[PDB]
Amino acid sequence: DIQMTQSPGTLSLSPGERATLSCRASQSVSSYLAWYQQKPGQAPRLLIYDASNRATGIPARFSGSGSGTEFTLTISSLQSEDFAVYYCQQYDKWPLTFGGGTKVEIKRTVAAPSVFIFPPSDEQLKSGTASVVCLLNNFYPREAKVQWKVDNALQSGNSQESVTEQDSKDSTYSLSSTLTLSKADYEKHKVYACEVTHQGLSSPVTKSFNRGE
């Protein structure tokens, strides 16, 4: 049954710029097509229905078009609150099927990731476990890389990482990386270091510290 094709799965533009979104089907669905906006943390709402019709409330800078297999949502001038995720659904053939989404993200000037490194709290260490945290704070764009060097040793499979959403006020991203070791595993090593590669600054960036008995 009709899978729905939303390219690209993300989109970075400036507030004011014109956004154009691609939805497509694996066969004709004529004009039984619907567009849904879902702001981060909210419910979705109906934007366009029957390919071209606007639900009321919805502002005129929102416009739908296309027919058959290939479809267009257009946002004439992108306002702050249009930075959201946008879905499409065909309703011409059982069963009901949904596009997989386009995220409209805010484009911005390149930005300086401040790095910060956090030593395992003695409170943690007691219970036999050790979290080293590395903070890439307030930067741009999202794609960024952080390695873990324990005594100059490259690490794999013990860290997880986490990223906020674009900040309401300066539009940047922040990022947490977390290295998780057992007490003993930790206490038999010396240098702990976070290496951060990023578009935004010179060569690779390193913050570190040592257990220093």
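Note that residue numbering follows the sequence shown and begins at 1.
Between the stretches 179 to 187 and 58 to 66, it is 179 to 187 that shows the larger average CA temperature factor.
Of the two segments examined, 127 to 135 and 69 to 77, it is 127 to 135 that shows the higher average Cα temperature factor in the deposited entry. Split the chain's modelled residues into thirds by C-alpha temperature factor. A43 is in the lowest one. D82: CA B factor in the lowest third of modelled residues in this chain (values from the PDB entry). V150: CA B factor lies in the highest third for its chain, per the PDB record. When all modelled residues of the chain are sorted by CA temperature factor, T164 is found within the middle third. Looking at the C-alpha B-factors along this chain, the one for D122 belongs to the middle third.
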